[PDB]
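Below is one structure, written out as structure tokens, with a few remarks after it.
If you read the sequence from its start, that first residue is 1, and numbering goes on from there. Side chains included, hydrogens not; waters and symmetry mates left out as well; all remaining heavy atoms used.
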Amino acid sequence: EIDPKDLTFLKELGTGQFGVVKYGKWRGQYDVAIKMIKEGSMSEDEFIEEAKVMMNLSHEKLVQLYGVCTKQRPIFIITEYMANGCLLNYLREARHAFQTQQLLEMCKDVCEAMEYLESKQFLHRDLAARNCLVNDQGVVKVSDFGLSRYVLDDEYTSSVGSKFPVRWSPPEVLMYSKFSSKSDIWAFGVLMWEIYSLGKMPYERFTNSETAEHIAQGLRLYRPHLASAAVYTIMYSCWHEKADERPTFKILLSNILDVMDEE
Ligand SMILES: CN1CCN(C(=O)c2ccc(Nc3nc(-c4cccc(NC(=O)c5ccc(C(C)(C)C)cc5)c4)cn4ccnc34)cc2)CC1
């Protein structure tokens, strides 16, 4: 529990599923992002209880939760600040003129965070480039893991809703609501495709409905030009029709390090 006397609000960063997010300072010293949770957007009591568990998730490649303010409304969520913003927008800026080693490093940053979450049996459920952030040194960190469980917007939480992450979901999520470690693995493969495509929308010429149908028939995203055959094999391994045949994050991390050494 952070005392709100220790927070100063300095700039507005944007608006997300729970409303406004601000940049500010904690204890007059530390840069932070602060979500101001909009009334009616969140299942607040359930979140408040989970926040205690989320304070225990700490890894160099996960956005660090510093604390919450819950003795007031709106609730605040205070995290480490990520100065370069959303990974998706970062990938789409042509000025960065990324080398493919830098793209693989972004995939490794995410895989490390996810290997840690997997070790804690903690699902993200909305892993995608739009939910990763980039710091001032270009390191990518995974953001907002687990928060999907507290969203009160049926367009987001329903498989048939307009905001559901259809293009990052395996067939067993879309057809049966079967969520598992292996649905985050599928989404990770789509995120590597976003990275190597410099932020293209997955299945860029299809609708959400058409994507669900394409994948149910065994077809998959094509290799992005910048991906070698080895990089493509890693992302494609995440999309096996049988969930239990998809790798773990520990295996994907080993595969990525092997490609780094080879290429
Ligand atoms: C190109 N330049 C670099 C970036 N830039 C920016 O304006 C800019 C710079 C830093 C930014 N940083 C952060 N931005 C945010 C942020 C801002 C707006 C919206 C959101 N999104 C959310 O709060 C949000 C996202 C997903 C979810 C669910 C539950 C659906 C998974 C719930 C909530 C986050 C969070 N952060 C946590 C730590 N750092 C940041 C955001 C924007 C412009 C200049």
Side-chain angles (χ1 to χ4, degrees), residues 16-17 85-94 96 98 100 103-104 106-107 110-111 114 123-133 140 142-145 147-148 151 153-247 249 252 255-256:
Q17 192 56 42
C86 179
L87 175 62
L88 183 57
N89 290 339
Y90 190 75
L91 288 167
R92 288 178 173 177
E93 294 169 308
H96 299 305
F98 296 114
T100 53
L103 301 176
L104 197 52
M106 292 177 198
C107 297
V110 176
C111 193
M114 295 306 300
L123 300 188
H124 187 307
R125 298 190 179 79
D126 202 351
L127 178 62
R130 62 180 173 282
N131 293 327
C132 296
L133 290 166
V140 178
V142 173
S143 191
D144 294 321
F145 36 96
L147 291 189
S148 66
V151 172
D153 177 346
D154 289 332
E155 292 295 331
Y156 174 76
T157 60
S158 164
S159 306
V160 299
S162 61
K163 301 176 189 171
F164 190 88
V166 174
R167 295 161 194 272
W168 289 259
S169 295
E172 69 278 3
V173 161
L174 295 177
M175 291 182 296
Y176 310 122
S177 301
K178 173 73 167 86
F179 288 89
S180 67
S181 65
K182 307 305 195 188
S183 48
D184 276 356
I185 288 289
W186 182 288
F188 175 76
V190 182
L191 177 43
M192 292 190 58
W193 185 99
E194 292 184 87
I195 286 166
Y196 272 87
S197 300
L198 307 181
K200 286 186 192 173
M201 184 181 62
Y203 321 89
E204 54 201 303
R205 298 173 177 286
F206 293 164
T207 57
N208 276 343
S209 295
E210 284 169 344
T211 294
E213 171 194 49
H214 185 76
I215 70 170
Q217 295 158 247
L219 302 167
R220 297 294 185 257
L221 289 159
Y222 63 80
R223 180 182 63 77
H225 286 299
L226 285 173
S228 65
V231 169
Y232 189 53
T233 293
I234 294 177
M235 69 184 68
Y236 196 97
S237 73
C238 294
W239 309 324
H240 203 288
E241 163 199 350
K242 302 178 211 150
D244 70 10
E245 290 272 77
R246 296 175 197 149
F249 288 111
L252 288 169
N255 297 333
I256 289 167

Is the backbone of [Y] close enough, under 3.5 Å, to the side chain of [X] for a donor and an acceptor to pair up by distance?
X      : Y      : answer
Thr100 : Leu103 : no
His225 : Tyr196 : no
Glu155 : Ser162 : yes

Does CD in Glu210 sit with more than 12 non-hydrogen atoms of other residues, nucleotides or ligands closer than 6.0 Å? yes
Is it the case that atom OH in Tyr236 sees more than 12 heavy atoms from other parts of the structure closer than 6.0 Å? no
Measuring from atom [atom1] of [X] to atom [atom2] of [Y], what distance do you get when rounded to the nearest 0.5 angstrom?
X      : Y      : atom1 : atom2 : value
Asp144 : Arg125 : CG    : CZ    : 14.5 Å
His214 : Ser209 : NE2   : OG    : 14.5 Å
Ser197 : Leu226 : OG    : CG    : 8.0 Å
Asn255 : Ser237 : CG    : OG    : 6.0 Å
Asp126 : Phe164 : CG    : CZ    : 8.5 Å
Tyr203 : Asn208 : OH    : CG    : 11.0 Å

So which heavy atom on [X] is nearest to which on [Y], and how close?
X      : Y      : result
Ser169 : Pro165 : OG-O, 2.8 Å
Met235 : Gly189 : CB-O, 3.7 Å
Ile215 : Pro170 : CD1-C, 4.2 Å
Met201 : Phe206 : CE-O, 4.4 Å
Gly199 : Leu91  : N-CB, 3.9 Å
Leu221 : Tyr232 : O-OH, 2.6 Å

Give the C-alpha distance, both sets of side-chain angles, the deciding distance and a yes or no for side chain to side chain contact (heavy atoms under 4.5 Å, CB included) between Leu127 and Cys132. CA-CA 8 Å; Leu127 178 62; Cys132 296; 4.3 Å; yes
Are any of the side-chain heavy atoms of [X] and [Y] separated by less than 4.5 Å?
X      : Y      : result
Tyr90  : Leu133 : no
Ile185 : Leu252 : yes
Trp186 : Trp239 : yes

Does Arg167 qualify as a cation-pi partner of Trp193, given the criterion of NZ or CZ under 6.0 Å from the six-membered ring centre and within 45 degrees of its axis? no
Only one of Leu174, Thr207, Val173 passes side-chain contact (heavy atoms from CB on, under 4.5 Å) with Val166, and that residue is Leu174
With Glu172, the salt bridge (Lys or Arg N to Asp or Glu O under 4.0 Å) member among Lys178, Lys182, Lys242, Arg246: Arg246
Working note: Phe145 + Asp184, criterion side chain to side chain contact (heavy atoms under 4.5 Å, CB included); need CA distance, chi angles, decisive distance, verdict. CA-CA 11 Å; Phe145 36 96; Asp184 276 356; over 6 Å; no
Using 30° and 60° as the class boundaries, would you call the ring planes of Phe188 and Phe249 parallel, tilted or perpendicular?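 Rings of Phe188 and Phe249: perpendicular, as their planes differ by over 60°.
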Check the pair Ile195, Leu87 against side chain to side chain contact (heavy atoms under 4.5 Å, CB included), reporting the backbone distance first and the verdict last. CA-CA 9 Å; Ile195 286 166; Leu87 175 62; 4.2 Å; yes
Evaluate the side chain to side chain contact (heavy atoms under 4.5 Å, CB included) criterion for residues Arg92 and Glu194: first the C-alpha distance (whole Å), next the side-chain angles of each, then the deciding distance (0.1 Å), finally the verdict. CA-CA 10 Å; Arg92 288 178 173 177; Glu194 292 184 87; over 6 Å; no
